[PDB]
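Read through the structure below, which is laid out as structure tokens, and then see the notes.
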Amino acid sequence: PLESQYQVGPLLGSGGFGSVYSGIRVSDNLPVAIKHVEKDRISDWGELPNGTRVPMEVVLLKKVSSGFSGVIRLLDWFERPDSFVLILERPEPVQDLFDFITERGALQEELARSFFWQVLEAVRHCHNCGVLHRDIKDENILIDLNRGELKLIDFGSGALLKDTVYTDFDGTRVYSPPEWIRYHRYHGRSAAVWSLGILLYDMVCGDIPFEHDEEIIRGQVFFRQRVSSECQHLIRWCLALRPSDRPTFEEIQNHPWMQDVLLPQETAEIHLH
Ligand SMILES: c1cncc(-c2nc3ccccc3[nH]2)c1
């Protein structure tokens, strides 16, 4: 069983998402993360291609868990009487982007460009797989420090991607768009672009741009750090008040600020090693 298959290490974190432990798969010593989610705390349920009742998080992880290393892979899952247990891949050494920015401050634009580009490729992979993450933020991005590769984590607030309006949201409010704050309605892709604008500002400024609902609604972007005109333009574009005024993923990646991105290995060599 699960208890014999894995060696439980220390607690990595806990919160709204449940409890995550560091672990090692006993068969090949593979580093893993073991996430426990209480059944009474799971509101969104779904079903696998076969039809088993599992948390939506398990459905979304299976839809995205393949070759591409930009999303944390689900290796296995187990059902207990009062909880679900998820076995996830674990990079080592690792640091989440929130801890990284907290320690190092505002990122050099070359580093933010490499990181932001990788988040964009990871989000495009999710959307291509029919998955909307809904909680893109620094805390949900892991940095594989040796490879300079970023990985999206925590699909616990996610949903299947659709072209119609969403009227439910349980992600992070300070990353949520003005249409959600004002109308409790949003479309998946343009809400994801707004959160990406919040994240890019966070990378280049060292903190998020808005704290209160009133600021999100006003959408006036003030730069507290020295940021290039091209980067400021891209941020202000992702943070357009009208969802239809926001760039598509293609327009973000074709933006002049996004040109000449470093490869992840070059990024680790210059900025992380
Ligand atoms: C919050 C919510 N859901 C999952 C996590 C999570 N997954 C991980 C995978 C590897 C290492 C650390 C990890 N932390 C954190």
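Only one of these is more than 9 Å from the ligand (Cβ to nearest atom), in contact (Cβ under 8 Å) with a residue 12 or more places away in the chain and either exposed (fewer than 12 other Cβ atoms within 10 Å of the Cβ) or under 16 Å from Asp154 (Cα atoms) (or both): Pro49, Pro10. Name it.
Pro10
Find all pairs meeting these conditions: Cβ atoms under 9 angstrom apart; at least six residues apart or on different chains; first residue within the range 151-177 and over 20 Å from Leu241 (Cα atoms); second residue hydroxyl-bearing (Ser, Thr, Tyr).
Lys151/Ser69; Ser157/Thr172; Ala159/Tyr166; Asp170/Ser43; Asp170/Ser157
Taking the range 13-46, which residues are more than 14 Å from the ligand (Cβ to nearest atom) and closer than 21 Å to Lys62 by Cα?
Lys39, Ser43, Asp44, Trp45, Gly46 - these are the residues of the range 13-46 that are more than 14 Å from the ligand (Cβ to nearest atom) and closer than 21 Å to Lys62 by Cα.
Check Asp76, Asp82 and return the single one that is farther than 21 Å from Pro264 by Cβ and in contact with a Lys or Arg (Cβ under 8 Å, 6 or more places away or on another chain).
Residue meeting the stated conditions: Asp82.
Being under 19 Å from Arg25 (Cα atoms), within 16 Å of the chain's Cα centre (by Cα) and not polar (S, T, N, Q) is the filter; apply it to the range 62-80 and report the residue that is surrounded by the most Cβ atoms within 10 Å (Cβ to Cβ).
Result: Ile72.
Quick one: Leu86 ticks every box in (1) outside the structural domain of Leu48 (by CATH); (2) of a type outside the set (D, E, K, R); (3) crowded, with 22+ Cβ neighbours inside 10 Å except a single one, so which number is it?
Just one mismatch for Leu86, condition (1).
Going through the range 70-101 one residue at a time, which ones are more than 30 Å from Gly206 (Cα to Cα) and either assigned to a strand (DSSP E or B) or within 12 Å of the ligand (Cβ to nearest atom) (or both)?
Selection gives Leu74, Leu75, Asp76, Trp77, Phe78, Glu79, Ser83, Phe84, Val85, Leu86, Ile87.
Out of all the residues in the range 129-169, which are within 13 Å of the ligand (Cβ to nearest atom), in contact with a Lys or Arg (Cβ under 8 Å, 6 or more places away or on another chain) and part of a loop (DSSP other than H, G, I, E, B)?
Once the filter is applied, which keeps residues that are within 13 Å of the ligand (Cβ to nearest atom), in contact with a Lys or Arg (Cβ under 8 Å, 6 or more places away or on another chain) and part of a loop (DSSP other than H, G, I, E, B), the range 129-169 yields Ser157, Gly158.
Checking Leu111 against (1) aliphatic (A, V, I, L, M); (2) away from the ligand (no atom under 16 Å from the Cβ); (3) in a loop (DSSP other than H, G, I, E, B), only one condition comes out false. Which one?
Tallying (1) aliphatic (A, V, I, L, M); (2) away from the ligand (no atom under 16 Å from the Cβ); (3) in a loop (DSSP other than H, G, I, E, B), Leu111 fails exactly one: (3).
For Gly197, state whether it is part of a helix (DSSP H, G or I) and either among the hydroxyl-bearing types (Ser, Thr, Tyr) or outside the structural domain of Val71 (by CATH) (or both).
yes
Note that each Cβ is placed from the backbone with ideal geometry, even for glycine, and that neighbours are counted across all protein chains shown. All of this is worked out from the model, or read from it or from the source named; no laboratory read-out is quoted.
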